[PDB]
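Peer 1: Quick one: structure below, then a few questions.
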Amino acid sequence: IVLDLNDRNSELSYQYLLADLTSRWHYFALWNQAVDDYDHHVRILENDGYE
Amino acid sequence: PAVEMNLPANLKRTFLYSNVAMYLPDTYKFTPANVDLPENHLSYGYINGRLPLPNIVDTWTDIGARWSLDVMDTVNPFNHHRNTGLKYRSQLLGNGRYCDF
Amino acid sequence: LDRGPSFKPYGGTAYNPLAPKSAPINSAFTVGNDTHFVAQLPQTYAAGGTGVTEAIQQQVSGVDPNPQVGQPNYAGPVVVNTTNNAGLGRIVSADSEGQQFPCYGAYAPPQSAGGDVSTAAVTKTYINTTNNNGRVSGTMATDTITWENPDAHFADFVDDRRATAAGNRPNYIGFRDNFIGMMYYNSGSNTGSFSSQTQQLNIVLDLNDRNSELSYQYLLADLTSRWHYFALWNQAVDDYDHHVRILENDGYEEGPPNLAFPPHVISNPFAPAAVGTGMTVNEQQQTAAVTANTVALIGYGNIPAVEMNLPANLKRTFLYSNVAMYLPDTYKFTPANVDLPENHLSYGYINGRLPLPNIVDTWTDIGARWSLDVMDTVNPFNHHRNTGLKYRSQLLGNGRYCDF
Amino acid sequence: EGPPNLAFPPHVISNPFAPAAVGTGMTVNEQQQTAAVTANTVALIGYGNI
Amino acid sequence: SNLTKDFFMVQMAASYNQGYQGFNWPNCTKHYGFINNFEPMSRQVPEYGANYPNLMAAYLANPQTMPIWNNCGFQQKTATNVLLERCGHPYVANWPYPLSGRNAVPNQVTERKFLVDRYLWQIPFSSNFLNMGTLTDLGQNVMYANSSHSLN
Amino acid sequence: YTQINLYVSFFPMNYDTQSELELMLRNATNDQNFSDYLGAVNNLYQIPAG
């Protein structure tokens, strides 16, 4: 049955399918389901000095 | 008698160094004196030994502006030690070098 | 768009921010016919004997006695013997303009790409502190400065010298939420006139009893959520801080003593690390002879330290800048020997009004979730934790002239 | 981690185990190796680091 | 920001079917969407002419001799590691330039750019760039089907 | 202000579908209605100090 083609990306198809079904905020360690993100203040950062 | 530090500046000073100034590209870093590094630029001991340039990221750099660094745009922001997922995917197996999964 | 001098897009200062607020720079003060120097001299050129025939040497420039260059590393707390050593560094002369100012916030614009600041020639200024009267201990390549002090406003001042700085209040100036007030709605003197051509009648008949601005705000909180910042329509909500309007005083989380230590860690508590020599020992008789090739840095007693009490000092910074800074005017005073503008409601007045101490501290209404009785009449959105106004001001830029 | 979080005395100038050395500043004789004391000058210098 | 009027419309029409009725924050945004990831920003930088000699660019070319004096006497020399001990004496600062306040420098130029993360761009093959169908209208057109083209 | 521009967005409807849609909206019974969301009359009344 399985006919893999090099023009296809099945490990990106599963990423976009999962973000459409569920929310990517939850950590479901069974499928090692945990996003890659970044800190919101390291990338674009706000130099407001210091209180 | 007493000594005095600027305490809310030092909490901010260690934030900017450990996150933005630590993850600079290879151009803005230098090895310190009298210490050796591995030959290839992709091993751990080469990234470990290089320390960044002093004051291209400091507590004054672009005051009052929501503005990312002009050299940190093309640097991958997901290779950070603060991504909650990759941190969670590594704590999930353990802390040791050798592990059964 | 010009924002004017009242704009300050950040908190604290951006010049010498690690310095203590009472700290003076190396400078030359004048009071009466007397003139005073205060100086810190890091480098040495030792020059034993009389210190004159090397102070004539080592010619200086605008950048050559560098204020960042000091002692060599790992000198420790070296006691510079004023006999057989000598100091080196920079000061700034008198007969320069501006106002004398502490280290915390002292700015002085450069002149060349090498980093020099002097607007005129450089000169040496010799000072002795011995009991010899024929020795020069420092050289101090002096300087003349135009003396600008931005983003700081003399929290105290006694007549020339012993002043303490403090950074100005953060003042975000940007456009309004949803560009309220950009467009004349409900102004019957000057309205809008959407119509067909042959303008015999327009279809915008706007009354003073209507509010088209607040009607757009309540509609916008019905369609969408209000947390998201949408930069096209300048859609950033004015919010306060939940822990500032209603300060929830819970004390602090105490723990082990947050000690601080000298970096050369071994020392006597009131003396340098005493030098010495190892000892070889004889057994079967009690005689200790000095050994051949050994010098020993020996520290006695325990390590000297100071104690911080960090969460109390961390909380009092939070209560001062967020709660005690935003008082009404009746709980503030003006500092001595400084003068404010004559009107209220300007920037130079509100900058120079500083709060009374005992009204807000880390004990007030302790254990109780209670907003202050004097802070109910104070607008909670005129605050620097207003994330919408912080987002609307930083979306344009950070300087005074913006091409929006 | 990060840079060291130093704390400094509120007066910034110091001798590390003594008060600041008080004295008078003066000129020289300009190719006679002699520095005579001048009037209306006092000073105080730390001579080390902070 | 730098993003154009032509190309912000096609991204909001492809993803959220907006355009021709005013842009708002949409209802249901996904993780790889456009409007939750698009973050515009702006700063202002002085002119750096002959009066202002750009001490930072003189520092990157030769960091061994410092042009740049900020909080000296309270940190290390800025040619070695900042992790080291305090080095100098206290003195005035010459850098950066004050962009705000009473001593604010004139001749300031603004700079705008944006950063987009986790978002492939998209240009839909539709007539009005909306989403009127998965099998789009130009995809079942008799011009593009029943013929053979070759795009560049 | 240095310059100012109005932007609109013309929907590219087919000219047969638009011509059937125009004649329905020229009609009197297909009259477009709108309403202010606040629905209020603003009135301010002075309070003296104290």
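Identifiers for the structure tokens are assigned positionally: chains receive A, B, ... in sequence, residues are indexed from 1 per chain, and ligands are indexed from 1 in the order shown.
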Per residue of segment 19-65 of chain B within 12 Å of segment 33-47 of chain E, record the nearest atom pair and its distance in Å to one decimal, counting only C-alpha atoms, with rows in chain order and ascending residue number, as CSV.
Peer 2:
residue,atom,partner,partner_atom,distance
B:61,CA,E:45,CA,11.2
B:62,CA,E:43,CA,7.6
B:63,CA,E:43,CA,9.3
B:64,CA,E:43,CA,8.7
B:65,CA,E:43,CA,5.7
Peer 1: What does the file look like for those residues with C-alpha atoms, as a short mmCIF file (atom, residue, chain, number, x, y, z; two decimals), in the first residue's frame?
Peer 2:
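Below is the file that was written, selection_9.cif:
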data_model
loop_
_atom_site.label_atom_id
_atom_site.label_comp_id
_atom_site.auth_asym_id
_atom_site.auth_seq_id
_atom_site.Cartn_x
_atom_site.Cartn_y
_atom_site.Cartn_z
CA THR B 61 21.33 49.22 23.98
CA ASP B 62 18.40 50.86 22.16
CA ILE B 63 16.70 52.30 25.24
CA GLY B 64 12.93 52.54 25.19
CA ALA B 65 12.37 50.63 21.95
#
Peer 1: Any idea what's packed within 10 Å of residue 34 of chain D, counting only C-alpha atoms, ignoring anything in its chain fewer than 6 positions away? Could you give it as a PyMOL selection string?
Peer 2: (chain C and resi 50-53+133-136) or (chain D and resi 27-28)
Peer 1: Mind pulling up the distance from atom CA of residue 95 of chain E to atom CA of residue 70 of chain E?
Peer 2: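 Atom-to-atom, atom CA of residue 70 of chain E to atom CA of residue 95 of chain E, that is 6.5 Å.
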Peer 1: Residues of chain B within 12 Å of chain A: nearest atom pair and distance (Å, one decimal) for each, counting only C-alpha atoms, sorted by chain and number, as CSV?
Peer 2:
residue,atom,partner,partner_atom,distance
B:6,CA,A:50,CA,9.9
B:7,CA,A:50,CA,9.6
B:8,CA,A:50,CA,6.0
B:9,CA,A:50,CA,5.9
B:10,CA,A:50,CA,9.3
B:11,CA,A:50,CA,8.9
B:12,CA,A:50,CA,7.0
B:13,CA,A:50,CA,9.6
B:15,CA,A:42,CA,9.1
B:16,CA,A:42,CA,8.4
B:17,CA,A:42,CA,10.8
B:18,CA,A:42,CA,10.1
B:19,CA,A:42,CA,6.6
B:20,CA,A:42,CA,6.4
B:21,CA,A:42,CA,10.2
B:22,CA,A:42,CA,11.2
B:23,CA,A:42,CA,10.2
B:57,CA,A:47,CA,10.7
B:58,CA,A:47,CA,9.7
B:59,CA,A:49,CA,6.8
B:60,CA,A:49,CA,7.4
B:61,CA,A:47,CA,7.4
B:62,CA,A:47,CA,6.8
B:63,CA,A:47,CA,5.3
B:64,CA,A:48,CA,5.1
B:65,CA,A:46,CA,6.0
B:66,CA,A:46,CA,4.4
B:67,CA,A:44,CA,5.6
B:68,CA,A:44,CA,4.2
B:69,CA,A:44,CA,7.7
B:70,CA,A:44,CA,10.3
B:71,CA,A:43,CA,11.4
B:72,CA,A:43,CA,8.0
B:73,CA,A:43,CA,8.3
B:74,CA,A:43,CA,11.0
B:75,CA,A:43,CA,9.9
B:76,CA,A:43,CA,9.8
B:77,CA,A:38,CA,6.2
B:78,CA,A:38,CA,5.7
B:79,CA,A:38,CA,8.4
B:80,CA,A:38,CA,7.0
B:81,CA,A:38,CA,8.8
B:82,CA,A:39,CA,6.3
B:83,CA,A:38,CA,5.0
B:84,CA,A:37,CA,7.0
B:85,CA,A:34,CA,4.8
B:86,CA,A:36,CA,6.5
B:87,CA,A:34,CA,9.4
B:88,CA,A:34,CA,7.4
B:89,CA,A:32,CA,6.9
B:90,CA,A:32,CA,10.3
B:91,CA,A:29,CA,11.1
B:92,CA,A:29,CA,8.0
B:93,CA,A:32,CA,10.6
Peer 1: Got a sec: who's within 12 Å of residue 47 of chain B, counting only C-alpha atoms, leaving out chain neighbours fewer than 3 positions off, as a PyMOL selection string?
Peer 2: chain B and resi 22-26+29-31+37-44+50-52
Peer 1: Would you put the residues from that selection into a file with N, CA, C and O atoms, as a PDB file, in the first residue's frame?
Peer 2:
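Contents of result-v5.pdb, freshly written:
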ATOM      1  N   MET B  22      24.669  35.891  25.111  1.00  0.00           N
ATOM      2  CA  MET B  22      25.245  34.559  25.074  1.00  0.00           C
ATOM      3  C   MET B  22      25.026  33.884  23.728  1.00  0.00           C
ATOM      4  O   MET B  22      25.892  33.131  23.270  1.00  0.00           O
ATOM      5  N   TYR B  23      23.900  34.158  23.070  1.00  0.00           N
ATOM      6  CA  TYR B  23      23.520  33.476  21.839  1.00  0.00           C
ATOM      7  C   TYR B  23      23.866  34.280  20.590  1.00  0.00           C
ATOM      8  O   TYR B  23      23.173  34.172  19.576  1.00  0.00           O
ATOM      9  N   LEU B  24      24.934  35.070  20.639  1.00  0.00           N
ATOM     10  CA  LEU B  24      25.400  35.814  19.480  1.00  0.00           C
ATOM     11  C   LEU B  24      25.995  34.869  18.436  1.00  0.00           C
ATOM     12  O   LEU B  24      26.348  33.733  18.752  1.00  0.00           O
ATOM     13  N   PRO B  25      26.118  35.316  17.169  1.00  0.00           N
ATOM     14  CA  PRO B  25      26.857  34.507  16.187  1.00  0.00           C
ATOM     15  C   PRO B  25      28.357  34.446  16.437  1.00  0.00           C
ATOM     16  O   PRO B  25      28.873  35.041  17.386  1.00  0.00           O
ATOM     17  N   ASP B  26      29.070  33.720  15.571  1.00  0.00           N
ATOM     18  CA  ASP B  26      30.499  33.489  15.758  1.00  0.00           C
ATOM     19  C   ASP B  26      31.330  34.738  15.485  1.00  0.00           C
ATOM     20  O   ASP B  26      32.478  34.814  15.931  1.00  0.00           O
ATOM     21  N   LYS B  29      32.095  36.981  18.864  1.00  0.00           N
ATOM     22  CA  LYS B  29      32.651  36.266  19.998  1.00  0.00           C
ATOM     23  C   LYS B  29      34.159  36.166  19.835  1.00  0.00           C
ATOM     24  O   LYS B  29      34.710  36.430  18.765  1.00  0.00           O
ATOM     25  N   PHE B  30      34.827  35.774  20.914  1.00  0.00           N
ATOM     26  CA  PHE B  30      36.272  35.624  20.893  1.00  0.00           C
ATOM     27  C   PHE B  30      36.674  34.587  21.926  1.00  0.00           C
ATOM     28  O   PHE B  30      36.045  34.465  22.979  1.00  0.00           O
ATOM     29  N   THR B  31      37.722  33.850  21.622  1.00  0.00           N
ATOM     30  CA  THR B  31      38.276  33.005  22.659  1.00  0.00           C
ATOM     31  C   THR B  31      39.120  33.839  23.623  1.00  0.00           C
ATOM     32  O   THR B  31      39.728  34.835  23.226  1.00  0.00           O
ATOM     33  N   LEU B  37      40.881  25.420  21.908  1.00  0.00           N
ATOM     34  CA  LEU B  37      39.558  25.051  21.436  1.00  0.00           C
ATOM     35  C   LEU B  37      39.688  23.910  20.442  1.00  0.00           C
ATOM     36  O   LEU B  37      40.759  23.703  19.864  1.00  0.00           O
ATOM     37  N   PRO B  38      38.625  23.131  20.241  1.00  0.00           N
ATOM     38  CA  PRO B  38      38.631  22.150  19.154  1.00  0.00           C
ATOM     39  C   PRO B  38      38.657  22.825  17.793  1.00  0.00           C
ATOM     40  O   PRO B  38      38.339  24.007  17.641  1.00  0.00           O
ATOM     41  N   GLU B  39      39.045  22.041  16.787  1.00  0.00           N
ATOM     42  CA  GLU B  39      39.285  22.607  15.465  1.00  0.00           C
ATOM     43  C   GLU B  39      37.980  22.951  14.760  1.00  0.00           C
ATOM     44  O   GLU B  39      37.834  24.050  14.211  1.00  0.00           O
ATOM     45  N   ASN B  40      37.016  22.034  14.771  1.00  0.00           N
ATOM     46  CA  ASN B  40      35.764  22.265  14.070  1.00  0.00           C
ATOM     47  C   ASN B  40      34.878  23.253  14.821  1.00  0.00           C
ATOM     48  O   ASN B  40      34.911  23.349  16.050  1.00  0.00           O
ATOM     49  N   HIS B  41      34.084  23.997  14.058  1.00  0.00           N
ATOM     50  CA  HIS B  41      33.216  25.026  14.608  1.00  0.00           C
ATOM     51  C   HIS B  41      31.862  24.489  15.040  1.00  0.00           C
ATOM     52  O   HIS B  41      30.984  25.279  15.398  1.00  0.00           O
ATOM     53  N   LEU B  42      31.671  23.175  15.019  1.00  0.00           N
ATOM     54  CA  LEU B  42      30.378  22.575  15.291  1.00  0.00           C
ATOM     55  C   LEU B  42      30.391  21.642  16.490  1.00  0.00           C
ATOM     56  O   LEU B  42      29.381  20.987  16.755  1.00  0.00           O
ATOM     57  N   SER B  43      31.501  21.551  17.213  1.00  0.00           N
ATOM     58  CA  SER B  43      31.550  20.703  18.391  1.00  0.00           C
ATOM     59  C   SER B  43      31.066  21.483  19.607  1.00  0.00           C
ATOM     60  O   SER B  43      30.742  22.669  19.530  1.00  0.00           O
ATOM     61  N   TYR B  44      31.017  20.811  20.755  1.00  0.00           N
ATOM     62  CA  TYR B  44      30.549  21.484  21.958  1.00  0.00           C
ATOM     63  C   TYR B  44      31.636  22.341  22.581  1.00  0.00           C
ATOM     64  O   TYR B  44      31.349  23.435  23.074  1.00  0.00           O
ATOM     65  N   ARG B  50      33.997  30.048  23.622  1.00  0.00           N
ATOM     66  CA  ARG B  50      33.911  31.395  23.080  1.00  0.00           C
ATOM     67  C   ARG B  50      32.986  32.256  23.925  1.00  0.00           C
ATOM     68  O   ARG B  50      31.827  31.905  24.156  1.00  0.00           O
ATOM     69  N   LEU B  51      33.500  33.378  24.376  1.00  0.00           N
ATOM     70  CA  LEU B  51      32.763  34.344  25.156  1.00  0.00           C
ATOM     71  C   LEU B  51      32.502  35.592  24.319  1.00  0.00           C
ATOM     72  O   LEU B  51      33.339  35.973  23.498  1.00  0.00           O
ATOM     73  N   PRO B  52      31.353  36.239  24.483  1.00  0.00           N
ATOM     74  CA  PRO B  52      30.962  37.301  23.554  1.00  0.00           C
ATOM     75  C   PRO B  52      31.703  38.605  23.805  1.00  0.00           C
ATOM     76  O   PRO B  52      32.338  38.811  24.838  1.00  0.00           O
TER      77      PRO B  52
END
Peer 1: Please provide the set of residues having any atom within 6 Å of segment 38-49 of chain F, restricted to only C-alpha atoms, with same-chain residues fewer than 6 positions apart removed, written as a compact mmCIF listing (two decimals) with N, CA and C atoms, in the first residue's frame.
Peer 2:
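Below you can see selection-v5.txt, which holds the result:
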# COMPACT_ATOMS: atom_id res chain seq x y z
N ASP C 209 -24.58 65.33 22.06
CA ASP C 209 -25.04 64.37 23.06
C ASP C 209 -24.68 62.94 22.73
N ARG C 210 -24.14 62.68 21.55
CA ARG C 210 -23.69 61.36 21.15
C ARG C 210 -22.19 61.24 21.43
N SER C 215 -18.85 54.50 21.78
CA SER C 215 -19.64 53.52 21.04
C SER C 215 -18.77 52.57 20.25
